[PDB]
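Notes for the one structure printed next.
Virtual Cβ from ideal backbone geometry, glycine too; neighbours counted across all protein chains shown. Laboratory data are not the source of any read-out in this text; all were calculated from the coordinates shown.
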């Protein structure tokens, strides 16, 4: 309770992000990490949500919870045959901090009327979320971040079930346009010696009755030679390194078209690592830098709760 | 056993509805009526008989039912329509367990059973029932207060005013939701930990209007803390709006702070009485509470003698300065 | 009427604190009776019956 | 106009906290008789009673 008090005063003050950050390391896949499971998690469309930590969650009561979920989502389709069945699959070895709880997978796999087609995929996780672990008790299980794949009507009928069983509530996640520039600078701080995609930016003009979009493409070998002329202190990504990197990209646009894009709003960053959007849409296209992006999403998911 | 005749089947099941007890719900009678559901389909006399069986014993049936609005039977006072169709119509073919929360109908049902009360499926129904507000007054358990913190902090954040698309109908429901909070904080006599955490993030974001009276009563029932923690988060952002808004706001701050001086001095008057535990003398703790409240009144007294110079001696502010020193 | 309302509020705080300490004593007595009910149910020959 | 409305608020507040004192005394008189029945029923049924009744 006293560490719950000390986490409020960092949120009540204006400071919540450090100006000098660490370049993320090369996360090597261990032998305990399943190679055939992480290939299914790649190349998928995801919708992010934040969640309060659960109550009376056990690792041995998943067989009862699989039968209650299969008896309810058939019944919610009848109030408005179904050969569907949920699978509570547990994953191992993703954690870097030993005090984190175990992440797991929630699918909906259709049965064989002739592997079935997966219609919905839910994923509860907590990657480097150590700041919320001492603010909860030992009875609580802290899994703040949630990623969903599928329709929003299937999300709401299963998200009704977590409200009435585990005493929690789902909230929509949103990433600010200031915070897209830091994760674009982190994606240009990566190390690569392989096949790469193109760095794609998109801005929207707010001072219009209609929509106005600009597609903007940067070659990543041209982005790497632009980065190290700005990046002069190795090991740390500072406040002045990112704001001068965005200013020289704006001054490159300024001498051709005479349009200030610093008044606009950045909404989509798509690089060789991953693609991002402000309402919670992500497309992870890399497996070597998987947990470095997902720890940054739990760095924002605790901040919307607190 | 008269359900083997198919022609008497709505006539048997209305007699089965009115004569069912807890011991009459049997698991083989679950098993036959699920077989009659599979053979001759959905009938409203068989779905209403299983609706009472889910009303009596839900653990014996593994098949869930819809909860839709149906009359289920002959009802709604149609006894003259029954007698007109009676001539020639349709006559040719010590307990350490838990007590359920839905069986609390009135006041003396909770007075007989307070030592066995279960936990509900959501924390939003605590504000709906006043009988559940009596349970919060005498229980000092830790995870029943943290789950109430995790719900209502998400309620005030997503469903606020400036996060929406400026709907007047949702702002009326937000005004009706804040009327539930100000009656729950006065019935408990302590403010919630969600409510003072929301005012840490909304006082830089508030301008001085748009349900001013529900926001200045939300600051009135905040519990006691140290003086150095309140003044960067509340008293700096209050004084940016106090000297610059209208004089009806200037009177409503001192009506809010005189109710803040009620509930802070009410807790400190009885904190001496309920603590025999510490063998150390309490003159350092009361002396540490002495300068927390003497710098409170000398700050609002600095707010009172500066705002007198702003309006240049109006008596309408001067009635509510002397009502603050009545406290 | 304000000093009458504040006297009613102080009596409500005293009866609320007395009922809170009384329900704390009743729940510790309930855990004591739970320990005594777990202690007074030991038998070996009862399971065949 | 703002003090007579403060009087009309406090006469409404004269009803509610008198009702809240009447509810808290009704909690207090019911928790007294449940403390007296729990103190009189500390001793439960005997261990030899359960073997001979079953």
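Observations
- Cα-based convex hull volume of region B:131-173 per residue, rounded to whole Å³: 80
- Counting Cβ atoms of other protein chains within 10 Å of each Cβ in C:18-28 and taking the mean gives 6.
- Along its principal axes, chain A has C-alpha extents of 63, 52, 46 angstrom, given from the largest down.
- Whole-angstrom Cα spans of region A:151-306 along principal axes, big to small: 57, 43, 31
- When restricted to Cα atoms, region A:1-155 yields an Rg and a Dmax of 18.6, 60 Å, respectively.
- The Rg/Rh ratio for region A:160-222 is 1.18, where Rg is the radius of gyration of the alpha carbons and Rh is the Kirkwood radius.
- Across region B:217-278, the convex hull enclosing all Cα atoms gives 85 Å³ per residue.
- Here, the protein assembly as shown yields an orientationally averaged convex hull projection of 49.8 nm² when only Cα atoms define the hull.
- Here the simple spin-label model places points 7 Å from the Cα toward Cβ, and for residue B:282 and residue B:160 these points are separated by 3.8 nm.
- Over chain C, the alpha carbon radius of gyration divided by the compact-protein estimate 2.2 N^0.38 Å works out to 2.27.
- Descending Cα extents along the principal axes, chain B, whole Å: 94, 53, 33
- Semi-axes of the equivalent ellipsoid for region A:1-42, Cα gyration tensor, largest first, Å: 36, 16, 10
- B:138, A:125, B:116 arranged by Cβ crowding within 10 Å, fewest neighbours leading: B:116, B:138, A:125
- Debye intensity ratio in log₁₀ form over the Cα atoms of region B:1-123, taken at each q of 0.10, 0.11, 0.17 Å⁻¹: -0.47, -0.56, -1.05
- Its Cα gyration tensor gives region B:6-74 an equivalent ellipsoid. The semi-axes, each the square root of 5 times an eigenvalue, are 16, 14, 14 Å from largest down.
- For region B:174-327, alpha-carbon Rg and Dmax in angstrom: 16.5, 53
- Kirkwood-Stokes translational diffusion coefficient of region B:250-297, alpha-carbon pairs, 4 °C, 1.567 mPa s, µm²/s: 105
- For region A:97-206, Kirkwood radius (reciprocal of mean inverse C-alpha pair distance, Å): 18.0
- Descending semi-axes in whole angstrom, ellipsoid equivalent of region B:235-321, from the Cα gyration tensor: 34, 12, 10
- Helix D:4-39 and the longest principal axis of the Cα set of chain D meet at an angle near 10°.
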